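In what follows, every chain begins at residue 1, and chains take the letters A, B, ... in the order their sequences are listed.
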Amino acid sequence: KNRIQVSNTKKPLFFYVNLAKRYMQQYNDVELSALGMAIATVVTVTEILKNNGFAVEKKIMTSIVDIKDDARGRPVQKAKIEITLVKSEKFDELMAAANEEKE
Amino acid sequence: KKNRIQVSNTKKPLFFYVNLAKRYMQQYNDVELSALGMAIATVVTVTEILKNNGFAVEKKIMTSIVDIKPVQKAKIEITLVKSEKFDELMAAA
Amino acid sequence: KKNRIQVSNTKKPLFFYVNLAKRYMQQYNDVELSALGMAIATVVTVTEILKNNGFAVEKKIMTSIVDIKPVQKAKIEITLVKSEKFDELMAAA
Amino acid sequence: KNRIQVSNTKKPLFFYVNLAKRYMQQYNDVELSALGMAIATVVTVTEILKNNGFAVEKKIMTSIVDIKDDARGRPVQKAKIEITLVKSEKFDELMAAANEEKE
Ligand SMILES: [K+]
Ligand SMILES: [K+]
Ligand SMILES: [K+]
Ligand SMILES: [K+]
């Protein structure tokens, strides 16, 4: 339920950042995974969330797994990253201070 | 449509697009390579690989902002053609 | 040179370039953003961030292949200008 | 001596792939590290080397460290990847079969 898999090149970067912010607020943590050319997105989302102050990372892992590839006959290999983030202590404030609602 | 490759598959290997572009040049002479957002890097890489290795030359390289079904995304369109050293590099590869 | 940002620093945060572009628009109205090879993705992202959030509009978006001191690299050049909603988004940000 | 740190945007992808092939032939293994927008390069180099058959990965790690940032006054955070590869059993053959030298 709190999993985001980046692949669709039609989506804007902020879709994922905001989708992660949601899942974090709703579920405390969030998972972010991506393959090959999509790892840049998850990398950038994490840098954004960490820097602006929303979250802290709990696990950051990149592996090389196999992928079913009917064209090549036998599976090819791709880099896959998996990043679990959890809400930071400043998250609630930020998800309000930007809206002038910070109590 | 037959000579246009759209890069939008994160599972694919870089070479699927480099080799597909080479197979297309063999057929149609030219080949179009396009992509949105995060996939532009791949098209960029493909082109650079083909330019540098001497397989081809570019004819058109255009980047524009398009509306997606509004959300805007960068889209690059690259048209390549076989270079004078193509057929030999292929017969030797 | 004062209104041109060249993205070529892997240590920098995405926002250093988004915010720098916003500070430049405040000064010169427009702002040029350029990059080679792997850095084109960042320029692509910067632009998309500014287009979507409503800060600005593009004027020029060109990608070309250039010789580096020959080795070829893709280079993108993007010129932006403040959008009619700029000053308000900045005074509110 | 067998370390490659990707940063320079003027370099072609094949510079790194071939530099890694060299360090591997010379030193058995090779290290490949990169920050943020440069992780895509190391990711692609590894996929290339693994797929074409040159190497096997021994360690693949992405972390979020601090970086000195005089402009922001206090360090920002960036993603950093580190990938150690070692020569595969097919490496020697490939670094010859392509040259019609495969004995
Ligand atoms: K309030
Ligand atoms: K096609
Ligand atoms: K400047
Ligand atoms: K021989």
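Within a 6.0 Å sphere centred on NZ of C:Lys75, other residues, nucleotides and ligands contribute 12 heavy atoms or fewer. In the displayed structure, D:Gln5 atom CD is contacted under 6.0 Å by at most 12 heavy atoms of other residues, nucleotides or ligands. Heavy-atom contacts from other residues, nucleotides or ligands closer than 6.0 Å to CZ of D:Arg72 number more than 12. Sparse packing is recorded around NZ of C:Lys2, with 12 or fewer heavy atoms of other residues, nucleotides or ligands lying under 6.0 Å away. Heavy atoms from other residues, nucleotides or ligands lying under 6.0 Å from CD of D:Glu89 number 12 at most. The number of heavy atoms from other shown groups lying within 6.0 Å of CG (D:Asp66) is above 12.
With a 4.5 angstrom heavy-atom cutoff, D:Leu35 touches chain C via backbone and side-chain atoms both. At a 4.5 Å heavy-atom cutoff, the contact between C:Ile68 and chain D is made by side-chain atoms alone. Heavy-atom distances place the side chain of C:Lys73, and not its backbone, under 4.5 Å from chain D. In this structure, chain C has a heavy atom under 4.5 Å from the side chain of D:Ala71, while its backbone stays farther away. At a 4.5 Å heavy-atom cutoff, the contact between D:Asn8 and chain C is made by backbone atoms alone. For C:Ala41, no part lies near chain D; criterion is any non-hydrogen pair under 4.5 Å.
Here the shortest heavy-atom pairing between D:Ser7 and C:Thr10 reads O-CG2, 3.4 Å.
Residues C:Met38 and D:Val6 have side chains in contact (heavy-atom distance under 4.5 Å, counting atoms from C-beta outward).
With chain C as the partner, the residue from D:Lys11, D:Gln77, D:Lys68 showing the most heavy-atom pairs under 4.5 Å is D:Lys11.
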